[PDB]
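Taking it in order: structure first as structure tokens, then the write-up.
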RNA sequence: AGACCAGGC
RNA sequence: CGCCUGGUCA
Ligand SMILES: [Mg+2]
Ligand SMILES: [Zn+2]
Ligand SMILES: [Zn+2]
Ligand SMILES: [Zn+2]
């Protein structure tokens, strides 16, 4: 049934999920246009942790003896201290990372921060590491203008849809949104230099990759996701070998049928 | 009466010929199959014009074998007679049932009884002919006929015409 | 309508990179043709398997083919193996 | 809010086994069931009644019954359904067949 | 807009669609005690100018009928008072990507 | 052996367009009939020799095609016709969309 | 396919127009009268009477003839015949509508029972959807049983407007068996029940308006209500109901070939009673029989029990049964078939095959073939496989030249001879590395089917790598599996490029890999690991050797 | 594989109205006054009167022999022989039809100058007359408005006899010699 | 070719 | 469920 009910659904060349009539069933496959095979459980650092700890990690204050990047990290460390024009980009970065926090705490109310997401970054960096035998000792050579300006520049290229207009281009920002949080989460200045001592080279590579690695995770207009989706559910339904509700298999049969009189009717009120 | 109609043909090309001078081969096969053809919906296809700007467009590759199929749009000189159309040609054959005039790529035949009466048929003549008071029609004799009806057939078109009206006969 | 159904080389919107299904099919189509005794546009470095040769033509983007991409409403966009980025 | 629930519940059926399915799949189905208008069931009663071609719905539960009122109402089948082609013996617009391939005579010369 | 308590006589209601253009809507008390739109599960909807709509179509190359539909009687559809042909934009969160933009035309 | 329903669905999943077709046509049925470009029927009386084609009734001889379909379907169709139903076979779309 | 060239152009079906047969058309098409009910025997003399099967129509006995159409059996589809009925009969399936339509129009004049005049009607006339209009229109006038000649327009209920005329009371209708009856109410009392003769119903529909057709989900060209009732009857040709000859002096006719025989009989008897001593209403005691048989022929699993069993108590497959889901045409012939180039045996694991390989037994490798085209790149190799014959393994068993003729390598007085010609095809054996599709039923994954590299081996089993076990969901306790061999250079492509096992490693149905390491290899890899575990030179060197990709750096 | 024509007439089953073909200026649907150009535009039917045809053919048959050599690197009884050549060089040779269309066309032609045939056309196109007549007038010698309006009955009420007689005069005037 | 029964995972 | 082997029925 599940199959016969979705045969005809595939992702079209415009990145829409439609059927034989042409009726849209999803505007962007999976609400993100990503092919399931290119996804891993990453963690959105920005969500967890106390309000305190957060600052101790992402906060950079070039106008303070104890809240600035110790020049032992950045090459142009000392000659940056106090520079107001930087501290604006720097503050801009922070105001953003915080907007993220609130936003995530809205989508994922659980507090759960591990989710399926394209482009494994934790590893994309780990290689960056030993690929340039980066020494935790000596200082970097990235401008603060380097980091934050290339990071914002990266997002500009993580394209899901291409549309030459507002309606389309606006959906783009949507499809990405979540990813980016994760992206900014891992390319925060402090983090970038203190946590994983990258260099100009290192960074530019990590960036270069993320972009391409991303573009790969996008779904191929051609995918017959109807049958895919169907099978992906139906299959684990055969592997079902079997607090007092309506269980599984008989329950699912219940569901798909859209039956009025269900065995267990329950209803939780808070 | 002769026409210049805009037509288009579809040719299936084998991957074999998928070379450099393909456009070339296509056109050539166009001609092999069109020039000298014959329909009832186009009559006699005679000559493809503007050989140079023949449009091939992009052909698409079939999906079992590699043969590609192009819709070759062209233009040419056609000619399909009509009933009640007046045309004059040379007589070719001529028997006891009438003579057969030839107008262009076609042959129009006129019944012994679709002419005038004062025009009989002379058998012991060489070559065979039709005599009259002052007229005498035979082989090379140039006539002018009125195509009464047309019968489309195979890769040709025949039709019967008369010379019993006015201003119809020899010249 | 025709030509009203064909989107201009500009204003093009599909994906710049070749879908897996495309490349899969181009290689197949080209293979089938090469096996059909069609002209091969690359130096056979001794190769003798059509799909092996096809993989080569496709790597020097010397495949005389064009992928017509239909949109859900009938209109399409034409791309050439030459253009299309082959990441995969 | 219903799609929300329908989904939520379906996920709970697959979750109760200790199994895992990527949102998208369950979502797509939950969606196929919702779009149309309300709660369209995955049954000869619901989905197999939509505007889909005849031959397609034909290959599922009501076959002849459906075919009859299909010529009685002089329907027209697009032949866009997978099934459609499968029955005709043609290449269905699916992955490999979701586009066309052409020999660009132009570039077919620059190559030599 | 009219707010009845227990009900309206089947003789009364058959007098609403009798004075166009102007339109009328019936609402029950017990039905407006709580604002459904305020429910954890109900994502926010939005009306679209007959322009924004004629744009949504043009941008996706969609014929009116290929759009995801919402019931003329749909709880929220009434809340905003939709009309056969009007389009709503449903914007909800998403565990795959922050938010998801989706549209619902009204039947 | 048998390439049934379930097997199909996988090939469909894989998006293995051609192969799926091949399994169904070249590797099993695959039959070649003639149709009337006028009434979508197998009526046509193709003498595939003296190239005669005709189709009295709709009376043709000029507008005729040739198509490859599963003999299972030639049969499905004739079967539907025998039940007085007309499954028209047309080689060009007209309803656009 | 279908063999022999045709100057006919070839296209692919883009649309399917469903309609109904106009008794006229049925005649146009038909190539045979079909007056007699018998099969053949020109009085025992074998052939076929110009009566049933082949009154010009298709054939048997392997004899070209098919109305000169020659070709014979294979190539020549069937050639429909017809059979002029005695009286109009319903259509076993349409009865539902034929009735539901009469309840929508009024007899005598034949026109709608609700015009733009009635408002609740207008609404039902905007719903652009034949399935839904007719489903609304019917619920509206299925109640009003008086053909109103005057109604209150868009103004005063005082002023009465006129339209069509003849209020002739409308009779409610009910279904009994294969006949429609209705009661007419008379006031003053008591009902009036009579059978609605097909001859009559048919007529009222004939008169139904052109724009009335349409308003009620119909079609002026393809499906006019007046067609739901059979006047002329199409007779499917032999191939639909082929015979079956047990050599010669024995029959073998098909189920259907009998119901026609029946319908035909039941028809003639009627006619002979209408141009003879016609005891008026003793005829309708046999006209129902034709209504029966011609209902049964199409559907035999009805509600009014009578199963119309064939002498032997055997039910009799109605045409409908032939299509009915599963095992039947649509679902079991078209949506799925048996196929050539396919094998099956018992599977067993082999810890020595790369994941993507699949051990094929030589037995099969020599059975299964692959059409390769003679190309200058392989002309050599191929001529060798051809000399090798259909018996030694690396070889082949069929060569086909452009002139569409098969050379059977195992017999041909030329097997040893033969120089291949470019463009010819040599059906050769499956060889090492011929991409094949493997699979284990029930298939519910993308993965229940994957592409493997053929690796010919001895012994009778499909020896598959272990790790690729759980994707198929197979064990070796006597489990069998299927192998399908591609055919066209492009086909393979689709397998090798999207179906290869390596490609299926990470499954989207759970964004995580779907093949791992089990049993021994797993169990062992733990032990081997342990700090406690140490390995000495003589063996450590052997272990190195085994990893085929060792860089030779102890 | 025959050769379709620029116009998809939705032949919805009922193919029964095949009108007649007469000098009622009712030519097959394939020759209405309103046919469509490849470019997609409309365009008046195209009627060639004898000789004018001979030129159109000859002209393309010539500019063919030319483009047949760009890639080759890598008086009455007098014109009969001259054209036979242009044939056995750019024709199919087995197109026995064109041979015959060229002898006929080259024998009954009425003009030898693309100038003459040009003036002929300039003149006749001012009548507003239909192309099939506008052709018949150019390839049929006529002395009286009667010989004309009788062999071309589609005329009759479309032009006064005097008018058509003037035109006729000018025709014998332009009518090239031999 | 089919309807029943036995078996197999 | 689906797939396969039975044979068995005469
Ligand atoms: Mg087992
Ligand atoms: Zn026909
Ligand atoms: Zn025949
Ligand atoms: Zn009446």
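Chains as they are written, first to last, in the deposited numbering: chain A, 840 to 1081, 1092 to 1119; chain B, 1 to 171; chain C, 68 to 155; chain D, 1343 to 1454; chain E, 109 to 215; chain F, 1128 to 1224; chain G, 2 to 189, 195 to 560; chain H, 3 to 76, 118 to 221.
All residues carry an ideal CB built from backbone N, CA and C; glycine is no exception.
Item                                                                                                                                         : Value
Enclosing alpha helix (DSSP H) for residue 1148 of chain F [first to last residue]                                                           : 1144 to 1151
For residue 115 of chain B, the three-state DSSP class (helix, strand or coil)                                                               : coil
Chain F within 7 Å of residue 84 of chain C, Cβ atoms only                                                                                   : no
Distance, residue 1193 of chain F Cα to residue 1174 of chain F Cα                                                                           : 13 Å
7 Å Cβ shell around residue 1420 of chain D - same chain, five flanking residues per side excluded                                           : 1395
Coarse secondary structure for residue 1119 of chain A, derived from DSSP in three states                                                    : coil
Start-end ranges of the alpha helix (DSSP H) lying completely within the segment 882 to 916 of chain A, minimum 4 residues                   : 890 to 897
Proximal residues of chain D, C-beta to C-beta of residue 18 of chain B below 8 Å                                                            : 1445, 1450
is_contact[residue 103 of chain C, chain B] using C-beta, thresh 7 Å                                                                         : yes
Chain-order list of residues whose beta-carbon lies under 7 Å from that of residue 193 of chain E (same chain, five-residue window excluded) : 214
Three-way DSSP call (helix, strand, coil) for residue 116 of chain E in this model                                                           : coil
Chain B contact for residue 221 of chain H (CB, 7 Å cutoff)                                                                                  : no
Within 9 Å of chain D by C-beta, residues of the segment 514 to 537 of chain G in sequence order                                             : 514, 515, 516, 517, 518
Residue 842 of chain A at chain F interface by Cβ criterion, 7 Å                                                                             : yes
Range covered by the alpha helix (DSSP H) that runs through residue 25 of chain G                                                            : 24 to 30
Interface flag, residue 1177 of chain F vs chain G, CB-CB below 7 Å                                                                          : no
Closest Cα partner of residue 150 of chain C within the set D/1354, D/1358, D/1344, D/1446                                                   : D/1446
Extent of the continuous alpha helix (DSSP H) to which residue 935 of chain A belongs                                                        : 923 to 946
Proximity test, residue 1223 of chain F beta-carbon vs ligand 1 heavy atom, cut-off 6 Å                                                      : no
Distance cut-off 6 Å: residue 77 of chain G Cβ against heavy atoms of ligand 2                                                               : no
Whole-angstrom C-beta distance between residue 383 of chain G and residue 491 of chain G, which should lie under 8 Å                         : The Cβ separation is near 21 Å, so there is no contact.
Identity of the residue in D/1377, D/1373, D/1397, D/1402 nearest residue 1387 of chain D by Cα                                              : D/1402
Cα-Cα separation between residue 1026 of chain A and residue 949 of chain A, rounded to whole angstroms                                      : 25 Å
Close beta carbons around residue 152 of chain C, own chain, < 6 Å, minus the five adjacent residues each side                               : 83, 84
DSSP beta-bridge partners of residue 16 of chain G                                                                                           : F/1217
Rounded distance between the beta-carbons of residue 112 of chain G and residue 165 of chain G, thought under 8 Å                            : 5 Å
Best match in G/361, G/370, G/336 for proximity to residue 352 of chain G [C-alpha to C-alpha]                                               : G/370
Chain-ordered list of residues that sit, by beta carbon, closer than 6 Å to a heavy atom of ligand 1                                         : G/481, G/483, G/485
Beta-carbon gap between residue 873 of chain A and residue 978 of chain A smaller than 7 Å                                                   : no
Other residues of its chain near residue 32 of chain H: CB distance less than 7 Å, five sequence neighbours each side excluded               : 7
Beta carbon of residue 1024 of chain A nearer than 7 Å to that of residue 860 of chain A                                                     : no
Cβ shell of residue 471 of chain G (< 6 Å), same chain only, five flanking positions each side left out                                      : 359, 361
Residue 193 of chain G, buried or exposed, once every other Cβ within 10 Å from all chains shown has been counted against 16                 : In the model as presented, chain G runs from 189 straight to 195, which leaves residue 193 of chain G without coordinates.
Ligand 2 heavy atom lying under 6 Å from the CB of residue 1165 of chain F                                                                   : yes
7 Å Cβ cutoff met for residue 140 of chain C and residue 169 of chain E                                                                      : yes
Proximity below 7 Å, CB of residue 1144 of chain F to CB of residue 1433 of chain D                                                          : yes
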